[PDB]
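K.L.:
My questions will all concern the structure given below.
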Amino acid sequence: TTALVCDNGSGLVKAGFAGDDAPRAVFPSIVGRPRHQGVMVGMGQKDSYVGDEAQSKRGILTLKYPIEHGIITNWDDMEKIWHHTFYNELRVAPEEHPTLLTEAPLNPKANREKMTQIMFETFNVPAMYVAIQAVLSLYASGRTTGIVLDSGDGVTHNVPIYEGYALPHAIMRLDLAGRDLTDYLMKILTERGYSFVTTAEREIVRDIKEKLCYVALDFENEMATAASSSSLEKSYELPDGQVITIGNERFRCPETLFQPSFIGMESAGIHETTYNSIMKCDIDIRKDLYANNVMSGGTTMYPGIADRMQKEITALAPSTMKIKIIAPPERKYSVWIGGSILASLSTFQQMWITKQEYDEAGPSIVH
Amino acid sequence: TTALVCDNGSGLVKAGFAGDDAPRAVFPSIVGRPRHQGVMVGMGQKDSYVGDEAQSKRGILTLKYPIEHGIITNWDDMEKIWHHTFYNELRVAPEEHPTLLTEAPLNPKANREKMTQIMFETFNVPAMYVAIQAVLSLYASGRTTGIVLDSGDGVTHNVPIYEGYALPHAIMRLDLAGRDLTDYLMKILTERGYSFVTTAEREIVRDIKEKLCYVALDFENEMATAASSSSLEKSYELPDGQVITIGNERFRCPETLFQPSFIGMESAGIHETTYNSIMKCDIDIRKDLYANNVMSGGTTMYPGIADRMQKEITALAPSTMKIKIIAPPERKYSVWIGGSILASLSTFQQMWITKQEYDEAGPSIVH
Amino acid sequence: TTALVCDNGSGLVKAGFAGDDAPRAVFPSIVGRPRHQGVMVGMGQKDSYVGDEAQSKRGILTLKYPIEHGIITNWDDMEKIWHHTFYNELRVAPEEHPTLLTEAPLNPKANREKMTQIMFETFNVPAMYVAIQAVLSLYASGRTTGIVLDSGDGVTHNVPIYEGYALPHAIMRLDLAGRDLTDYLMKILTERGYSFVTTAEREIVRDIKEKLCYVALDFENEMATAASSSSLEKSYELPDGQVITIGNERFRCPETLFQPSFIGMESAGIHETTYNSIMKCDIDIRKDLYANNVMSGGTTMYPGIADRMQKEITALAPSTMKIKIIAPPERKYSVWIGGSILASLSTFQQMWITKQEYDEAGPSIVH
Amino acid sequence: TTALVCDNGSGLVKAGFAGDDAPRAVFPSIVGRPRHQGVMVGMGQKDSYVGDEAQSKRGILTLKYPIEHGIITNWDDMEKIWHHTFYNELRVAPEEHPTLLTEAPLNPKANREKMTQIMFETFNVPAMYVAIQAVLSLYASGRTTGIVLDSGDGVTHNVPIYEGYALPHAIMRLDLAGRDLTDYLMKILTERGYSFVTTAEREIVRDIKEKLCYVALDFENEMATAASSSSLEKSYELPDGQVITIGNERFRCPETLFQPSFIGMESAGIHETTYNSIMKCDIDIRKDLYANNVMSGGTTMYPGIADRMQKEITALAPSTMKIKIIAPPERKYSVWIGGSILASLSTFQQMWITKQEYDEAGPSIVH
Amino acid sequence: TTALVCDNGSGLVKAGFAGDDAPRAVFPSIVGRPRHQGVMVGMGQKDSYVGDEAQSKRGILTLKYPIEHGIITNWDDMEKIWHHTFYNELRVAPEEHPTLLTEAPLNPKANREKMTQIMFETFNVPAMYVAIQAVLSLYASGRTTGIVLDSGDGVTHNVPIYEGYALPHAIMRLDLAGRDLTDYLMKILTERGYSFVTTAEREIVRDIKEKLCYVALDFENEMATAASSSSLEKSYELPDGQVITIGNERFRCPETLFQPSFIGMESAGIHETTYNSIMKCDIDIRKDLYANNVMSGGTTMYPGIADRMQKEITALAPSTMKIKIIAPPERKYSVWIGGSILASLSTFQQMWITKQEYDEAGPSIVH
Ligand SMILES: Nc1ncnc2c1ncn2[C@@H]1O[C@H](COP(=O)(O)OP(=O)(O)O)[C@@H](O)[C@H]1O
Ligand SMILES: Nc1ncnc2c1ncn2[C@@H]1O[C@H](COP(=O)(O)OP(=O)(O)O)[C@@H](O)[C@H]1O
Ligand SMILES: Nc1ncnc2c1ncn2[C@@H]1O[C@H](COP(=O)(O)OP(=O)(O)O)[C@@H](O)[C@H]1O
Ligand SMILES: Nc1ncnc2c1ncn2[C@@H]1O[C@H](COP(=O)(O)OP(=O)(O)O)[C@@H](O)[C@H]1O
Ligand SMILES: Nc1ncnc2c1ncn2[C@@H]1O[C@H](COP(=O)(O)OP(=O)(O)O)[C@@H](O)[C@H]1O
Ligand SMILES: [Mg+2]
Ligand SMILES: [Mg+2]
Ligand SMILES: [Mg+2]
Ligand SMILES: [Mg+2]
Ligand SMILES: [Mg+2]
């Protein structure tokens with residue numbers, strides 16, 4: 001019977017069978033719809049495109065992320081991506097597997113309840129479970145204690161975890177993420193003259209960000225040395241064939257995680273939020289958290305991030321103590337891996353919510 | 001029941017039954033009327049001649065193109081060519097077939113509405129459809145994606161088409177075409193002393209253009225080598241028996257498509273309009289358009305055209321990317337072929353406008 | 001009711017009933033008046049003689065052609081020849097037949113109007129019509145397209161005709177004809193000593209011309225070979241019994257048609273005027289005219305004419321194309337035959353000008 | 001010493017002395033160059049025409065906007081318009097005045113730096129300043145708080161401003177403007193048969209737009225009532241003397257600001273961008289912005305615009321709160337007025353960039 | 001040094017020194033050659049006569065226009081008229097003056113190159129220039145903008161000129177002119193019985209045309225009133241002493257300019273060609289052209305022409321706008337005057353083609 005593990009973040013769906021090393025289907029959470037009413041016969045007609053297929057045809061389509069900052073915005077679009085996921089990639093009847101789904105912490109109750117309702121009623125599932133992302137990543141690490149920073153496309157979290165357990169009062173979410181950074185890279189990019197106005201172009205700049213951008217160790221020194229352009233400008237080539245050259249924009253895009261004032265947010269940088277989260281925890285356990293802080297998610301993938309974190313958190317925390325930061329490679333799939341390994345635990349098998357139990361207890365029992 | 005496919009361009013009517021490889025009736029859109037009041041008895045009297053028959057007797061007749069730059073100028077003349085077409089070549093009662101008609105994009109609304117009105121009221125037709133030329137040519141290519149350059153006698157278009165669909169905001173029409181080029185060849189030809197003042201003589205120079213003229217790869221180099229006349233002068237023989245020798249006029253006639261400043265137009269050459277049309281399209285799809293650009297129509301028939309296009313568009317577009325130009329032989333009949341194949345599609349059968357539906361909905365439903 | 005066809009050229013009247021192969025009455029247009037006041041009793045008295053009767057008595061009479069170069073010179077004389085024609089040869093009341101009359105193209109308006117006035121008022125005719133000669137000859141040919149050269153006694157024409165119709169702007173008349181040639185043969189003949197001063201003798205030299213004169217293929221070569229007189233001198237016998245021997249005068253008389261400089265006219269030869277007439281026509285139709293050029297009239301009867309025409313026109317026109325000259329035997333009566341066949345066409349019956357229509361519309365309606 | 005205030009937008013330069021009610025020189029930003037090489041002697045020769053002078057002679061000239069979407073495209077052309085501006089209209093040595101220049105927000109850095117370089121090096125200026133347009137318009141309003149929508153010929157902005165200050169993260173620019181609307185009015189106008197292909201004709205249609213076009217309160221209802229043409233068709237007269245009659249094209253041209261899908265852009269209408277800009281601002285201040293939203297620029301001049309804005313923004317925003325829209329007359333000159341009043345403030349006198357300060361600090365100090 | 005201005009049109013040479021009010025030598029371009037080989041001793045012998053001298057002796061000579069429809073037909077004849085012009089009227093060594101020559105627009109390249117070759121090689125000239133006629137006439141007007149209609153003996157032009165400059169694509173030539181009109185007056189004149197067959201008589205009818213013929217305001221009304229002959233018949237006296245009376249032929253001769261169908265040409269009347277030329281020009285400038293249309297040349301000299309033009313062009317053009325026609329007296333010499341004034345401009349002195357520059361650059365540099 002095994003299980004399905006579906007990691008539904010903004011920007012990417014990662015899904016696959018439990019007990020495996022990596023997700024088989026990994027595609028963008030997008031629902032493409034034709035921008036221009038098309039006059040042909042035999043075409044499509046394909047009123048709605050989804051996932052990688054939508055990526056193939058961006059210049060026709062308006063791309064629409066169904067899920068924004070972890071919150072589901074458009075429910076039938078989400079349903080569409082699930083249906084496509086199950087039948088067109090994993091090729092499976094949901095009635096044959098229990099399904100573990102994912103969600104961000106501190107996330108409105110409507111997502112869990114609606115989600116489960118869909119999984120039971122529209123797809124028919126024997127049993128399912130919805131899990132907090134950071135815990136899954138911590139399992140992926142193979143560790144029981146630590147503070148997880150999970151930055152995906154929608155949202156960034158800090159969840160401190162001690163010896164199992166958890167500290168809900170110290171959990172801190174922050175809407176800064178690949179989507180916010182891509183938009184910021186948009187408007188900063190436009191100062192070189194390169195105008196990317198459209199949803200489809202947003203995905204191009206996402207690609208630019210993913211390849212070229214890095215996190216500087218020291219910001220203003222790097223900005224100073226951007227004066228005499230040497231290695232800092234890099235050439236990137238668009239799908240059109242045009243050449244973009246980007247210098248300080250390469251590293252000032254991700255600087256926004258440390259300085260959210262660039263987007264005009266008062267929220268403290270990710271280092272201050274991790275630090276702050278540690279502060280909120282009991283005096284006894286802070287040393288372990290500082291030692292053991294973990295990173296997850298696509299927005300942790302910028303080269304340089306861990307080193308800057310180690311500088312900044314060390315600058316905030318008492319110097320007498322060791323702050324090791326653990327950011328393993330393959331960290332973008334940590335959540336999914338966590339899901340897999342959890343589904344492979346027998347002790348967890350009692351915790352699935354059964355179809356019948358949902359039917360008799362109602363929606364309130366997901367929590 | 002089959003269908004009729006009528007391609008009504010300026011200069012030539014191509015018409016025939018659907019599902020066939022080529023149009024059966026192909027004759028000039030001309031309405032000849034005697035210039036000189038003729039004194040005989042038993043003659044004609046034949047107040048109006050039409051089509052090839054008018055071609056047979058040019059020296060008596062004033063030839064009159066009913067259709068100018070795609071726009072219908074003289075409606076009863078057009079009606080005459082249709083009536084002659086149906087009864088004297090295709091030999092068919094229009095009440096027995098649905099009829100697919102053609103038109104240029106971006107063309108005044110009066111042509112569709114009046115045209116349909118005539119087809120329903122004067123001829124009686126069970127159902128009909130009016131189609132954009134470039135789409136038909138694209139079907140003739142057997143392809144779904146590409147940018148069509150269709151240069152006929154009246155008008156030249158660029159219509160970009162992606163994966164079916166269409167981009168109306170990037171559609172670009174241009175009045176440069178076999179008629180404009182024939183007149184330009186007139187006045188340039190007169191510099192050798194050869195005076196062709198009359199409508200009938202215009203058709204002679206059209207013949208000269210069709211046979212002899214070619215498009216140079218590089219213009220000014222060829223003009224330079226015209227200094228020492230070798231292969232560039234060619235002898236042509238008129239119907240009278242006189243011999244014309246034309247050198248640089250051979251290739252400087254079609255150079256006007258690339259340099260409309262020869263006619264005193266500010267419009268950019270056809271290569272700049274194709275390039276410009278590609279620019280107007282979304283950054284994602286431009287690579288396909290550059291790869292896939294298609295040619296149609298009689299004014300694409302000059303030897304050398306495709307090679308010059310490949311030079312010039314390559315000179316405008318980023319060198320990193322492949323610009324294949326597809327100009328198949330039999331391209332002059334691409335539109336008609338496209339019409340045939342579309343009429344042979346069953347999925348299109350729903351889209352005919354029915355006689356009764358027109359009667360109840362009115363003229364506004366053609367669009 | 002049938003019709004009468006009256007071909008009134010200078011030198012001969014040809015008249016007869018329509019629908020017949022040849023004119024019944026064919027006699028010279030002459031009005032003889034006694035030169036010498038005659039003293040007898042019972043004689044004549046016959047103050048005016050007309051036609052063949054005048055021919056019978058030339059030595060008494062002064063002969064007077066009423067019609068000169070197609071233009072009527074003396075109206076009552078013309079009336080006399082008509083009256084004699086109708087009552088003394090055709091033996092018919094004009095009130096019983098419509099009457100088709102003939103005239104040269106480009107001929108003063110006074111001839112049509114006066115002529116019609118006479119036919120309606122003096123003779124009483126139910127209806128009549130006046131026709132351009134060359135068209136009648138073209139009907140006689142049984143053809144619709146061609147360029148007619150009609151050389152009679154008064155005038156020579158070229159009228160190009162295409163597919164019915166006509167080209168008035170290319171019609172070319174020329175006063176060179178049997179009368180001019182007979183006078184030229186007079187003065188050239190006098191170099192042998194043979195003096196023919198009188199009107200009556202002019203008719204004798206007309207006979208000489210009609211029998212003996214021929215058109216040389218090459219002129220100056222024939223003149224050279226006239227040096228050694230062999231076949232070129234021929235003996236002719238006058239009515240008196242005297243013998244005339246004429247050598248180069250035989251062929252240099254008709255050479256005047258090709259070289260009007262012999263009479264001191266600047267007008268180009270008949271071959272240049274036919275060629276010139278073709279030039280004036282639209283470039284399209286010239287090939288048909290060159291193929292189809294027709295000959296009519298008494299002054300086309302010289303042996304050798306067609307062959308010289310074929311040489312000379314071929315020398316002027318582009319060699320690439322075939323110039324067939326059609327000069328049928330019985331061509332002297334082509335105009336009359338044409339008239340007959342036209343009168344036998346029913347479609348022409350609407351075009352007669354009725355007595356009453358003339359009465360109410362006036363003289364201006366003949367044109 | 002006073003100051004010069006130069007508002008350099010696409011389509012119009014507005015310039016004048018500071019502290020005055022209106023700009024003295026207001027002329028189009030165009031650089032006319034003869035299309036046809038002219039053969040006269042004493043003519044011009046005038047290789048380049050500029051401004052209103054170019055407007056005087058459109059039919060000879062190719063008109064060329066030097067500045068496109070706020071971005072300077074052709075630098076020497078811009079220099080030419082400045083030189084003409086200073087010496088031929090304002091009649092002033094730039095060395096005698098500090099000069100305040102204008103620019104759109106979010107505009108490539110090349111414009112500020114190059115612009116300043118030209119002003120200091122080519123013209124010699126004691127000091128200068130470059131200002132964001134929307135702030136100047138807000139000063140023109142005489143108000144400190146509000147959200148400015150400035151639609152010129154090149155670009156449209158939204159800049160929210162609270163109690164002085166500014167919110168750069170909520171600034172939103174959009175390339176929809178009089179130029180885009182004129183081109184759209186071109187292709188929509190061509191459906192009536194009226195073909196305007198040339199740059200010179202573009203200026204004619206700009207005139208049509210400026211006089212006749214209005215913004216409908218409700219779109220599709222007005223389109224429905226366009227069925228029975230009454231007041232909606234209006235006659236306009238071209239400079240040639242021809243009469244154009246335009247019905248629904250009158251109001252569907254400016255509908256593009258609310259529905260950029262007409263041009264094939266995915267960008268939300270101006271009402272959604274203003275609404276969106278308000279959303280991006282802190283929850284506290286939105287009420288003031290909704291109350292206080294200001295309009296500027298030539299493309300705000302369509303009759304009906306404010307009323308439709310009030311409908312649409314009210315439809316998006318919570319009904320409980322008052323949305324006053326302030327669109328004062330003389331709003332096309334708001335930016336220039338703003339510039340004047342700012343230059344008349346003494347407190348601003350410290351902020352000029354001095355010639356010497358530029359010389360020692362370099363180009364980087366403009367920002 | 002001054003200059004010579006030689007206006008070489010068909011029918012008349014106008015030549016003189018530059019900077020003068022009128023040409024000194026004005027005589028017909030004819031090369032008379034004796035028709036009849038003359039037997040005297042001491043006579044002539046004068047194998048070739050030229051100009052006014054030939055006019056003195058028409059009845060002996062065959063007159064030969066060397067130049068036909070602007071195109072040089074017979075080069076040595078033209079050379080003869082030039083040589084006679086320089087030595088026998090202007091009495092000048094060409095080596096002492098630069099020489100400005102004239103030619104029709106749109107005229108075969110052979111005329112410029114051969115002409116210049118003769119002027120440099122046969123006559124020896126320090127420098128020369130060949131000019132388009134209509135521009136010269138426009139200078140004669142003292143104006144910079146306008147559309148010139150120049151009708152000479154060979155050819156009629158329309159050249160639109162705006163603010164200096166020129167529009168070559170709107171230049172329209174037409175072979176209708178005093179020569180065509182004189183021949184048409186020939187064949188129409190022959191309907192009264194007056195036969196003029198010879199070149200010498202053609203010049204007589206040219207005189208008739210020049211004195212008597214006028215252009216009717218309304219054609220068919222005047223033809224109707226020709227029914228009752230009052231003032232419309234006028235008596236003219238030939239050099240022989242005979243009296244010609246011509247009625248409707250007086251005004252129907254020049255009606256051919258408005259109705260070229262009289263000669264069997266499909267070309268539109270001169271009013272349609274002026275109107276058509278205006279159409280071809282950019283929409284901006286048409287109002288000036290309509291206001292400013294100029295007339296030049298001998299074939300503009302018919303009384304009534306300007307008024308009929310004003311009627312007909314007003315009937316074609318939109319009524320809302322003023323069509324002033326400027327036809328100054330002395331307009332037959334406008335071209336020559338233009339030439340004079342141009343030669344008197346110092347700015348033009350750079351544009352002469354020098355003997356040496358021709359020698360080193362070749363013939364291709366005349367254009
Ligand atoms: N190599 C990379 N470098 C920088 N950013 C990346 C990289 N890969 C992905 N991203 C960013 O992170 C996001 C994907 O992160 P992911 O963990 O998949 O988010 P989620 O799990 O919420 O879908 C993308 O939207 C992208 O902006
Ligand atoms: N072989 C040829 N070479 C160059 N030009 C041609 C050739 N054949 C036709 N043309 C030109 O193209 C025109 C015919 O093109 P066509 O596609 O039939 O126009 P349409 O479809 O609008 O009637 C003619 O008017 C002629 O000027
Ligand atoms: N056999 C002949 N050979 C040469 N010339 C002839 C011959 N017969 C007649 N002609 C000439 O042609 C004239 C008759 O031609 P015809 O066609 O009858 O003139 P029309 O029709 O104008 O009367 C006569 O005047 C005579 O000079
Ligand atoms: N009365 C009007 N109605 C509608 N549009 C107008 C009017 N006047 C000007 N425009 C449009 O606005 C533009 C001028 O706006 P403006 O604010 O001067 O732009 P900028 O300041 O950027 O030059 C013109 O290009 C024109 O298309
Ligand atoms: N007063 C007149 N009225 C009408 N036509 C005239 C008059 N004078 C001259 N012409 C005609 O115009 C011609 C002369 O025009 P001109 O301008 O001198 O021609 P070009 O300059 O080409 O020699 C003559 O051939 C004559 O037919
Ligand atoms: Mg995630
Ligand atoms: Mg076509
Ligand atoms: Mg005859
Ligand atoms: Mg502005
Ligand atoms: Mg002239």
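Here's how to read the names in the structure tokens: chain A, B, ... by the order shown, residue numbers from 1 in each chain, ligand numbers from 1 in the order shown.
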Compile the residues of chain D that lie within 10 Å of chain A, evaluated using only C-alpha atoms, and express the compilation as a list in words.
P.N.:
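Applying the cut-off to the listed atoms yields residues 71, 106, 107, 108, 109, 110, 111, 167, 168, 169, 170, 171, 172, 173, 174, 175, 261, 262, 264, 265, 266, 267, 280, 281, 282 and 364 of chain D.
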K.L.:
I want to know what sits within 10 Å of residue 98 of chain E, based on only C-alpha atoms, with residues of the same chain fewer than 3 positions away left out; could you give that as a PyMOL selection string?
P.N.:
chain E and resi 1-5+18+94-95+101+124-129+343+349+352-355
K.L.:
Please, could you write that set of residues out with C-alpha atoms as a short mmCIF file (atom, residue, chain, number, x, y, z; two decimals), in the first residue's frame?
P.N.:
data_model
loop_
_atom_site.label_atom_id
_atom_site.label_comp_id
_atom_site.auth_asym_id
_atom_site.auth_seq_id
_atom_site.Cartn_x
_atom_site.Cartn_y
_atom_site.Cartn_z
CA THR E 1 31.56 85.39 -67.74
CA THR E 2 27.79 85.21 -67.07
CA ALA E 3 25.96 82.12 -68.35
CA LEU E 4 23.79 80.81 -71.17
CA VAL E 5 20.33 79.43 -70.47
CA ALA E 18 21.38 84.57 -67.75
CA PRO E 94 30.51 78.44 -75.83
CA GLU E 95 33.97 78.21 -74.29
CA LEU E 101 20.21 73.23 -70.24
CA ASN E 124 33.56 73.05 -75.69
CA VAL E 125 31.98 74.36 -72.47
CA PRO E 126 33.69 75.20 -69.18
CA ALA E 127 30.78 73.87 -67.17
CA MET E 128 27.13 73.01 -67.55
CA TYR E 129 24.03 71.81 -65.75
CA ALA E 343 21.99 81.03 -63.02
CA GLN E 349 27.56 78.26 -58.70
CA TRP E 352 27.87 73.39 -62.21
CA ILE E 353 29.48 70.19 -63.61
CA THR E 354 33.00 71.25 -64.68
CA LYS E 355 34.62 70.17 -67.94
#
K.L.:
List all protein, DNA and RNA residues that have at least one atom no more than 8 Å from any atom of ligand 3, counting only C-alpha atoms and all ligand atoms, and write them as a ChimeraX atom specification.
P.N.:
/C:7-14,28-29,70,150-155,177-179,181-182,206-207,209-214,296-303,332-333,335
K.L.:
Please save C-alpha atoms of the selected residues as a compact mmCIF listing (two decimals), in the first residue's frame.
P.N.:
# COMPACT_ATOMS: atom_id res chain seq x y z
CA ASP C 7 -21.16 51.35 -103.37
CA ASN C 8 -20.46 54.89 -104.57
CA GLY C 9 -16.67 55.20 -105.05
CA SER C 10 -14.95 57.54 -107.44
CA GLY C 11 -14.51 55.84 -110.83
CA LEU C 12 -17.09 53.04 -110.43
CA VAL C 13 -20.60 52.62 -108.99
CA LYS C 14 -21.28 49.04 -107.84
CA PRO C 28 -18.11 54.28 -114.26
CA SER C 29 -19.17 57.36 -112.25
CA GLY C 70 -14.36 60.46 -101.84
CA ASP C 150 -8.69 49.92 -99.16
CA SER C 151 -7.36 51.65 -102.25
CA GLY C 152 -10.03 52.78 -104.68
CA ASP C 153 -9.89 55.41 -107.37
CA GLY C 154 -10.17 58.42 -105.05
CA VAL C 155 -8.55 57.49 -101.76
CA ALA C 177 -5.32 56.11 -105.93
CA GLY C 178 -6.12 55.04 -109.48
CA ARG C 179 -6.84 58.64 -110.47
CA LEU C 181 -1.73 56.97 -110.67
CA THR C 182 -3.40 57.47 -114.04
CA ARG C 206 -6.61 53.97 -117.18
CA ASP C 207 -7.17 50.93 -119.38
CA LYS C 209 -2.72 50.81 -116.35
CA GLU C 210 -5.39 48.24 -115.56
CA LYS C 211 -4.03 45.71 -118.03
CA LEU C 212 -0.27 46.16 -118.27
CA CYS C 213 1.09 47.77 -115.09
CA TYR C 214 2.49 45.56 -112.32
CA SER C 296 -9.58 45.90 -100.97
CA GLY C 297 -10.40 48.01 -103.97
CA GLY C 298 -9.44 48.42 -107.60
CA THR C 299 -6.03 49.94 -106.85
CA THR C 300 -5.07 46.74 -105.02
CA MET C 301 -5.45 44.82 -108.30
CA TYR C 302 -1.92 45.33 -109.64
CA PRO C 303 -0.13 42.00 -109.97
CA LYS C 332 -12.42 44.83 -106.07
CA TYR C 333 -16.01 43.92 -105.07
CA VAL C 335 -16.95 46.42 -100.22
K.L.:
From segment 234-350 of chain B, collect each residue whose DSSP state is helix (DSSP H, G or I) and return the set as a ChimeraX atom specification.
P.N.:
/B:249-258,260-263,270-280,283-292,298-300,305-316,331-344,347-350
K.L.:
Skip residue 166 of chain C itself and residues of its chain fewer than 6 positions away, then list as a list in words all residues within 7 Å of it, counting only C-alpha atoms.
P.N.:
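Returned residues: residues 36, 38 and 39 of chain B; 160 of chain C.
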K.L.:
Could you take the residues named above and write them with C-alpha atoms, as an mmCIF file, in the first residue's frame?
P.N.:
data_model
loop_
_atom_site.group_PDB
_atom_site.id
_atom_site.type_symbol
_atom_site.label_atom_id
_atom_site.label_comp_id
_atom_site.auth_asym_id
_atom_site.auth_seq_id
_atom_site.Cartn_x
_atom_site.Cartn_y
_atom_site.Cartn_z
ATOM 1 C CA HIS B 36 -13.309 52.259 -77.957
ATOM 2 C CA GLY B 38 -17.001 49.557 -81.560
ATOM 3 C CA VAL B 39 -18.932 49.755 -84.822
ATOM 4 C CA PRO C 160 -7.438 48.694 -87.973
#
K.L.:
Between E:246, E:159, E:30, E:147, which is the closest to ligand 5 once you count only C-alpha atoms and all ligand atoms?
P.N.:
E:30
K.L.:
If we count only C-alpha atoms, what is near residue 77 of chain E at a cut-off of 12 Å, once residues fewer than 4 positions away on the same chain are taken out, given as a list in words?
P.N.:
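The contact residues come out as residues 29, 30, 31, 32, 33, 48, 49, 50, 51, 63, 64, 65, 66, 67, 72, 73, 81, 82, 83 and 84 of chain E.
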